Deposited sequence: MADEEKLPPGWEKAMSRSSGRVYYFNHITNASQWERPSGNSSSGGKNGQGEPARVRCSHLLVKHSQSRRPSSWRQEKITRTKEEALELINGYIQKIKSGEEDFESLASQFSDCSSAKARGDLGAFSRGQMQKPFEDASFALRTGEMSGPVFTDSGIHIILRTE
């Protein structure tokens, strides 16, 4: 019935059904539509004080809490979904990964190369789809599958 990792849920505020993916943390109103050797993704990383390396090109010492980083991620997702901002623009300005300089593009990769929650979300995304918040040892990611 539902593509890999999708479940039905019910909105607390409106009562209408929606769909949630427990691998990508994506959520949407419409019923989801429905593996390759390699996928290509971009990402926006927000680091926090418990990141493996709590430092980035934006900040020599990253001090924000994980909960604060999640709030920032959620705000970026809202602006991307409304069209107020583009993913690529937010990645270049605010991603704590050096890949910010390439609008978040990481290039193409296979299974076994990236951290596992990132890998699993990337491969479960369909081409053009965006994840919700994905947690790794690096921080919290928004992932966009481009190929």
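Several segments of the deposited sequence are absent from the coordinates, namely 1-5, 40-50.
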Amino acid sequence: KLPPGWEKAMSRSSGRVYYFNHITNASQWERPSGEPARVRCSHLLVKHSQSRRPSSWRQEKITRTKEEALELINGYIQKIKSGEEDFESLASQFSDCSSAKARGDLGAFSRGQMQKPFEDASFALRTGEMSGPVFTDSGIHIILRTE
From here on, numbers count along this sequence of modelled residues.
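Just going by the entry, 101-109 versus 25-33 on mean CA temperature factor gives the higher value to 25-33. The mean C-alpha temperature factor is higher for 53-61 when 53-61 and 78-86 are set side by side.
Annotation for residue 128: CA B-factor lies in the middle third of the chain's modelled residues. In the PDB entry, a CA B factor belonging to the middle third of its chain's modelled residues is recorded for residue 40.
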